[PDB]
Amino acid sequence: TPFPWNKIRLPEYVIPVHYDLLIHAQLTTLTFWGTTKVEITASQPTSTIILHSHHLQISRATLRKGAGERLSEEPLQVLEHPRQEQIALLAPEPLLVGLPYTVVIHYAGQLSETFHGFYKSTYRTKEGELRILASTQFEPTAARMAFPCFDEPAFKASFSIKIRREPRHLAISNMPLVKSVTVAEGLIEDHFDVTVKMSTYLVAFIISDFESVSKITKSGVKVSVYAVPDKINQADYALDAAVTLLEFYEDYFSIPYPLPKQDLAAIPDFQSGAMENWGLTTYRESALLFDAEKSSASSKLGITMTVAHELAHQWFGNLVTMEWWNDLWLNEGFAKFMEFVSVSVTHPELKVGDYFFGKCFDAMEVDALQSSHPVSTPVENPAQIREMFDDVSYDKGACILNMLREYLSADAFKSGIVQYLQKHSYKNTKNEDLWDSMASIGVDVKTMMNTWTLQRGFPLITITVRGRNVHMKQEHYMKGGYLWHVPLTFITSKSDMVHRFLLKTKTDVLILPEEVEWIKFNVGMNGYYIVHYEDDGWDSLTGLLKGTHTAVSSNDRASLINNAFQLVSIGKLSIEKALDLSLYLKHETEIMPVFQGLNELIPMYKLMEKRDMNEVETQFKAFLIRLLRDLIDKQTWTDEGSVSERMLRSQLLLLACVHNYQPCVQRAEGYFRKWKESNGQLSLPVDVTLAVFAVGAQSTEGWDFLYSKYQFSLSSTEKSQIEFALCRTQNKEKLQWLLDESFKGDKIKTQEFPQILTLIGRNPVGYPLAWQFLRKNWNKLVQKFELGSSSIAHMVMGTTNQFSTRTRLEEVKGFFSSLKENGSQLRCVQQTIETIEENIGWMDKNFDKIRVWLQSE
């Protein structure tokens, strides 16, 4: 019998209203069984129900109608279409239109050995015992691997979840536990309250031995953090941050959080950073747990931002959800942007607003290529949907919202998002709904925002000044006809007020009130565009940075560094003039422009490390250390100062040590020796630990000692610092061991494999091993992480995007083309191919220019 449905999307005429999910997981055999009951109505007569199911063995399906004495069951025949991830349920007679029915399905499955679906997670107690837990990760399309369902985000429904478990385990889910009942064969059945109407991807449940801590918000919501017993003492920071951030969002959106509780659970094995399941947010342990003695300043910032992101989704994603994955940015761009809006208020000590523009420069790297996609773009299959969780949806999405908020004003933007969330509560939206809500305040936003969401890329704005006359032009910036409504901003030598000008056309002109010495567009880098200055413009701005760099803000200095190097790539500014501009950094003190200088200069030597360019590579590295020497020498070997001062210290000391700057190497060697001689008991300053460990791991004894401490560590920061240091070894047997062991997952968890593979891909001697490992183990890596996942994208780019020869380019094209349906069409593959093509052209054009410039410098 042929399958009676030939589309990837489900039929629109059978709608669920409520699910009752009964799940029994047997953690000793890894088998699980379920009974799903789904209440549906049909709007057109049909005897066939199509729904999603993947890797579930269906034992029986029945169709119920009526209740009590009028209950009429009818058996259903089951057909499956595994490629479409669907099942078809066939009734002996047609369903009556508009009447309620309940589909009852009994099935079994095996706990996934991946990081998605209903999957197995493990950890070892400090006492040595292996413990097994079971957790969920469904977004985007994995709910169908745990229970059969209408697994598309616009088929919202309420869910009543029941879990049968052993008495030794605890179960938690989206809603509060309302009753626990003893059932047959020594099991306990937990009943959770019914959820509000929501998408299937937000269902969650965890069977574990977790401990918890709790705190109640001003609104009466019970917030808890869950973690393994050995790590619950690390939960207080995230618990306090979650309460503050949930209270912030309730007041900000004027819409209370609707559930009685909110849980934040640290899972021992987790693929992404975190997930926003309504009432049960989940995290990597490194994204939630803070050790006041060993955690880094960057990890404190990261936990705060991750918690802010997941809590923003309770409104942007959960309460209001995109209608389909083509508009995933409505969830992700908003949640990413709301991290900065909220944390700027709740944790002013972190000064997170200063870092926001960095996300925009990240998006511009990918968005300058032809392989970029518009923010809103069509997707159909699960691999294509997973590809939407990328820097375009998250970072470009947040950046265009920041640009829109600055254009409309914060208050008008806030009014628009409140109307949007209120109007579409418990429903789904598309792009046009957001523009309609923003326009309902009091400005047409649709034409402008369609230019930023329906076209890939961004514009280059060119400025030409002749006395008081300021000529403006826009063109698509591309490496290798578009038109936007660009909300320009500028300051000048005579006015530090932020001036605004909306450029809606190819060119325009404005007349300054009086002549100026300089003009600087894109103030604070709040706009998603880059700027070129004709004539003496770049000389004026170079002179400004060299003589009075505090004339513009730290973020404005970072924007000039980024844009100067971006203009070299398209032939608008020579590499010599951009390097001449970078010389001002000898007097720079602030983290954002120093880090932006590193973001532009470091990749140049990473390309050289993989070429026969030893002499120029050494000279370029010596130039970089000489450039930042005074700032490096000023660093104290302590944990003193602001979060920015701590992050700047850590990276400068690590950079100096990696490049053999003897004063820093000698000090790191001394700390490592005393730390090792004290059997690793001694508390080192966290901010110098990366440099200390990276130096210490350069000997066989130091590498072995560092690895010996890894198994006992309960600190996510310390484990990450050890992994980084071990990956800097130049012993290829140890590099291959790190790849083999993290791939296996026993001594180093597989959740660390993508980072370890990229770090070894960036090791000056070990980089060929990482690309070789990815090719050899491709099938197993795809099975573990999934085609289209951000993890696979990061592995592809991490192992190949610093190649710069035609031979390496053909290796990449030839390998990925050979995969056919198992990877040849990945967007990350086209992105890395275009990046290598740019690297080839850039090195061919600029290598000798840099060699000559270094000799003159």
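We number the residues from 1 along the sequence you see.
- Gap check for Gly442 to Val443: 1 to 3 deposited residues are absent from the model.
- In the deposited entry, the stretch joining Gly220 to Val221 is continuous, with no residue of the deposited sequence left without coordinates.
- In this entry, 677-685 shows the higher mean Cα temperature factor of the pair 566-574 and 677-685.
- When the C-alpha B-factors of 831-839 and 5-13 are averaged, 5-13 comes out higher.
- In the deposited coordinates, the residue among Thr41, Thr800, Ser791, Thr807 with the greatest CA B-factor is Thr41.
- The maximum CA B-factor among the listed residues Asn763, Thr462, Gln596, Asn660, taken from the PDB record, is found at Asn660.
- For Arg168, the recorded CA B-factor ranks within the highest third of the chain. Only modelled residues enter the ranking.
- Per the deposited record, the Cα B-factor of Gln271 falls in the lowest third when ranked against the other modelled residues of its chain.
- When the modelled residues of the chain are ordered by their C-alpha B factor, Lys162 lands in the middle third.
- Per the PDB record, residue ranking by Cα B-factor puts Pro374 in the middle third of the chain.
- For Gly98, the recorded CA B-factor ranks within the highest third of the chain. Only modelled residues enter the ranking.
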